[PDB]
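Lettering of chains follows the sequences in order, A, B, ..., and the numbering in each one begins at 1.
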Amino acid sequence: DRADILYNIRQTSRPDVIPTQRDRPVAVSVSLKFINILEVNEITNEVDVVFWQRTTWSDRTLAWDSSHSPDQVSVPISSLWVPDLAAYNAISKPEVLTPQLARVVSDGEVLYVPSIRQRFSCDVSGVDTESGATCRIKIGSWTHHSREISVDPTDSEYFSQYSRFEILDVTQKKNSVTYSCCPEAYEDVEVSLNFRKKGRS
Amino acid sequence: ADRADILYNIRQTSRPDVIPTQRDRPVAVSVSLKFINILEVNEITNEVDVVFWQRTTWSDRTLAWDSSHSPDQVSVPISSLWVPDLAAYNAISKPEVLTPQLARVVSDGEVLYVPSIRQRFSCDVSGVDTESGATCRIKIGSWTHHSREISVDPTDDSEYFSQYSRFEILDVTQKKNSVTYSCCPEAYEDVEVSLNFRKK
Amino acid sequence: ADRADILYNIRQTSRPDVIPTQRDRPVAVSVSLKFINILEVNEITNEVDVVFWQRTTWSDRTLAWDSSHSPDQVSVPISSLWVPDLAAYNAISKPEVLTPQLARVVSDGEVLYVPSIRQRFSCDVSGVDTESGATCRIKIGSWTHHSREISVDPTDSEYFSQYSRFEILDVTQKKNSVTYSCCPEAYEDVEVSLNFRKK
Amino acid sequence: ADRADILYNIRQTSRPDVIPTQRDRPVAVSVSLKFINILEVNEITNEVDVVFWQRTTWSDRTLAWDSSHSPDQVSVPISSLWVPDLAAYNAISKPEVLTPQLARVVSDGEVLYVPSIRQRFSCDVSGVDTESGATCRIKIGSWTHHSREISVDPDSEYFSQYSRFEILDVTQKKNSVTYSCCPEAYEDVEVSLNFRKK
Amino acid sequence: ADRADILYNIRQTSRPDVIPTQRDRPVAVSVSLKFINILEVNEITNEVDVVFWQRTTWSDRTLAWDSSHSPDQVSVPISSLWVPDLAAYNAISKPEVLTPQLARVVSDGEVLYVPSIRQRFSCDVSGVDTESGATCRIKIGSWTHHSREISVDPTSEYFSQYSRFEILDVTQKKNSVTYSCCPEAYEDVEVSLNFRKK
Ligand SMILES: O=c1c(-c2cccc(C(F)(F)F)c2)c([O-])[n+](Cc2cncnc2)c2ccccn12
Ligand SMILES: O=c1c(-c2cccc(C(F)(F)F)c2)c([O-])[n+](Cc2cncnc2)c2ccccn12
Ligand SMILES: O=c1c(-c2cccc(C(F)(F)F)c2)c([O-])[n+](Cc2cncnc2)c2ccccn12
Ligand SMILES: O=c1c(-c2cccc(C(F)(F)F)c2)c([O-])[n+](Cc2cncnc2)c2ccccn12
Ligand SMILES: O=c1c(-c2cccc(C(F)(F)F)c2)c([O-])[n+](Cc2cncnc2)c2ccccn12
């Protein structure tokens, strides 16, 4: 039953241990679904956004036989390993608006979907034009290079109809960063939010 | 059995991280908002700042005790209990719980949690400064539990509403509804709360 | 018994999650506000930001010790004691506790907690800029314990900042109760009436 | 004895929740403010936002060790030590501690805590824009410990040259408060910050 | 040894509250700021709000393992590790850490911590609106560990192109503070940010 699955996850899950299988990186899939654009400052080039960060990976150490059991449970993220994802151009801490629970599937797949409100330093020039602003948000692992975490990406279906802004396009492009000190490459997703003020002349 | 024994027993049996589903039946969560205050409304950004009592009740039959010779209710910290992972889909701020985070547990295993919440929402503020007012829709449901695991059930709309708000309540309707994501067949149940209000 | 022994014994006997009801009786919680400052008033939104000392006392007789040859009082962190779940019904912010979260426990089992609280209320600010002033009513009771489990008992500008832009005309503290349609249970509150004005 | 042994001894003997009174004698807490910055002043609301180093020292002789062949000081998290429950009576914000919450424990049992605090006060800002300046009084004492348990014992060397304000004088005077109910006296330091706009 | 074994061993051996001094030598802390953004500048109050990457490295040799047949690096929560008690002497807000609080531990016992910090400083903003710009000096050192216990050593590539400011020059110079009372010297890095409005 659910209590047994959660008891077993709590005994075997190592929240502090990246679940690398053999020498393979953990494949972290990351998509933003934009829900709202709250505050835009064309002078300071800062945006306040709310997005669903759809995050999935496989931790095969969590797997169980579900032929005669539930094949999914909700688990507090404090009981699981979670990727140390960070937005490189964030200027506030991510504010998680929703309960900090992941779904764990019996094959060991983990789904985490926090609703995040966060402020970014990005190109706001053009927000009050027809072609709009393009704000680029770079999200990757802060401490795990490409041999440990790989980042995989997967338009306004969930965007508030009541925002003063409308979304023209969202592009999600794989990319990587390297710091001259070390040979290590860190994978990121570059998310390009092309948006503008509604109801211009 | 005295209060200390009831709380000792809850601490031994309660599994805060385990939904109390009885066989494969969903946990029936009842959710009502009582609006207490409307603090800030922005017609331009379509954002409201409200204070509401979220009356939340469910059954966790693993907590039940014989109360023929004991108290039939205790106050328990929610950190000792399983609580539904309810979230407002159109919230744009964290829920600010203004009150002590205690539930009442009844000897039949019923749990009552009534946080006073201050939160900001993105919703329709058009018409707020007119006679017929705005209608702001607040969608609250389980974030991670689909309809087979949690079912959400709604139940004098300004009985507790501050007479000192700049706004007044015309009507509150509470309608059952559900959300579904393209990927998956799973339905997540919500209550849609329709707050019809206006400037005084 | 020295201070370390009194604190060791409180830590063994205190159940922070268990209301200390003696022989089925409600716990008698005594609550007074002493207003220290009025920081921001908004006559348009009807909101006030205040600083007050919330003098709170009750009896937990399970904590009592023989003090004929011992200290008759210690300071204890409130995380080691049961504390009443008091809330202000018309608060629009969390209480911001400005002071160390310590109670005094007396050898007879009396507990004194006096947090300095900064909090915002929704209340009547009309008249603040007149001679007779505004009357802001702050309703404080137990959130979860009805009258058979907690009773709230009350007891003006002696400690009010001389440097506030406002001054206090009168504070009245009256017992009252709330009851919900659903249930016969009554929840006790103190209504505190702060009559103040701009200087 | 290495640092880990000194800290393991402190950790096993220190009772964070127990005031270290020797027999019936109060703990002598020494408190000085060193003003670092005056950030915001409001002559209408009479409110000041200040940054100060709160130099705090007392003795816990039960922690002492022989340091003839050992370090004579360690840094210890304050959560492992008893710390005086000091509060500013005219504070209108919670103290924002800007620095790591570590004390120094010296081998004779002296404890030194020097948090950098940013806090807002309700105090006399009248005269700030004049040559003789404002005098803002900050009362700091034990919140819960009367004079038989804690006694409190008391200018621009470190004041930011980039403040809009400058310090004319800091006075630190011992004082005490008493509540009508009870015979108990609570000791405080009154700190008088005489300052003005430059 | 796999990752789980190395992290289990670090968790068993780490002493978060014990400075890892090797022999009687100070711990060599290396500190560089990489400026990412300048958010708010106030030429009247002389206050700046900045975002920087604080590159911090030191050695804790007790954490070391044989990595000839193992991963030579893991990510560890800083709450499991000793971390230098670094503070900015002219900060006027708490450091706001924007990134996951994880360090890298290398098999030789080297620890790398790179928090992204947003913090407000009191410093010289005069000249920000001119061609030669302002020079804002940020002093960062150990708050509680003198020069015999911690030594601090320094060494627009990542600066946002979308700031309304631009960086002309960053200087990182070793320095020290001493308090008249005591012979103890506290080592700091003085970081000189020369910047201007675009
Ligand atoms: O967008 C989603 C998704 C979702 C949709 C598609 C793909 C993915 C995946 F992750 F695959 F990319 C996740 C979704 O599943 N939940 C339910 C959920 C949440 N947390 C954990 N488990 C389930 C919610 C709930 C609220 C809002 C958006 N939610
Ligand atoms: O600037 C850096 C560095 C870095 C670069 C040069 C020197 C040093 C050292 F440490 F040598 F000074 C560290 C870097 O390594 N990581 C990876 C990292 C993060 N946290 C902990 N350890 C490593 C990141 C990651 C994100 C942004 C900037 N990062
Ligand atoms: O609205 C309520 C209710 C209440 C009323 C009717 C239905 C429900 C239920 F929950 F049934 F829907 C709950 C109520 O009970 N408490 C007391 C309480 C609080 N928390 C926990 N248990 C009880 C309070 C207390 C303060 C303010 C509003 N309170
Ligand atoms: O008002 C008071 C009181 C006090 C005065 C009268 C009645 C009561 C009682 F509580 F009886 F109603 C308490 C007072 O006692 N302390 C000391 C104290 C503090 N906290 C805990 N215990 C004691 C302080 C300390 C600072 C400011 C105001 N304080
Ligand atoms: O002003 C001081 C002092 C100091 C100076 C004189 C008297 C006292 C005492 F406390 F004796 F009154 C303490 C000083 O020592 N430290 C080092 C220190 C820090 N924290 C804890 N212990 C020591 C610092 C560190 C930074 C800034 C100012 N610091």
Go through the side-chain N and O atoms of C:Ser30 and C:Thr57 and say whether any donor and acceptor fall under 3.5 Å apart.
yes
Go through C:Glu96 and D:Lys94 one step at a time and tell me if the salt bridge (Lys or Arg N to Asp or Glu O under 4.0 Å) criterion holds.
CA-CA 8 Å; C:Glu96 197 194 335; D:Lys94 41 192 329 193; over 6 Å; no
Residue by residue, which of residues 128-165 of chain C have a heavy atom closer than 4.5 Å to a heavy atom belonging to chain D?
C:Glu158, C:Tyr159, C:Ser161, C:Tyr163, C:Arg165
Select one option (side chain, backbone, both, neither) describing which atoms of D:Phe121 are under 4.5 Å from chain C's heavy atoms.
neither
With only heavy atoms counted, which part of C:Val97 is less than 4.5 Å from chain D, the side chain, the backbone, both or neither?
backbone
Quick one, D:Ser122 with D:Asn90, criterion side-chain hydrogen bond (donor to acceptor under 3.5 Å, both in side chains). Give me CA distance, side-chain angles, the key distance, then yes/no.
CA-CA 6 Å; D:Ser122 156; D:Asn90 54 323; 6.0 Å; no
Is it true that, when you exclude D:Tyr179 itself, more than 12 heavy atoms of the residues, nucleotides or ligands shown sit nearer than 6.0 Å to its OH?
yes
Are there over 12 heavy-atom neighbours, none belonging to D:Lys174, within less than 6.0 Å of that residue's NZ?
yes
C:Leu7 portion near chain D, given a 4.5 angstrom heavy-atom threshold
side chain
Chain C contacts, top residue of D:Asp24, D:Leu86, D:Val125, D:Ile44 (heavy-atom pairs, under 4.5 Å)
D:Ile44
Residue, of D:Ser93, D:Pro95, D:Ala87, that accumulates the most heavy atom pairs under 4.5 Å with chain C
D:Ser93
Does either side chain, that of D:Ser59 or that of D:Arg61, offer a donor lying less than 3.5 Å from an acceptor on the other one?
no
What one should report as the nearest heavy-atom pair of D:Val51 and D:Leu39 is CG2-CD1, 3.8 Å
One pair to check against salt bridge (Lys or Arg N to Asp or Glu O under 4.0 Å): D:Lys34 and D:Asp155. What are the steps and the verdict?
CA-CA 7 Å; D:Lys34 278 286 141 179; D:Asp155 297 325; 5.0 Å; no
Which region of D:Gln119, side chain (C-beta onward) or backbone (N, CA, C, O), has a non-hydrogen atom less than 4.5 Å from a non-hydrogen atom of chain C, or is it both or neither?
neither
So what's closer than 4.5 Å to chain C heavy atoms on D:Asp124: side chain, backbone, both or neither?
both
Give the minimum heavy-atom separation between D:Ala1 and D:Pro71, together with the two atoms involved.
O-CD, 3.5 Å
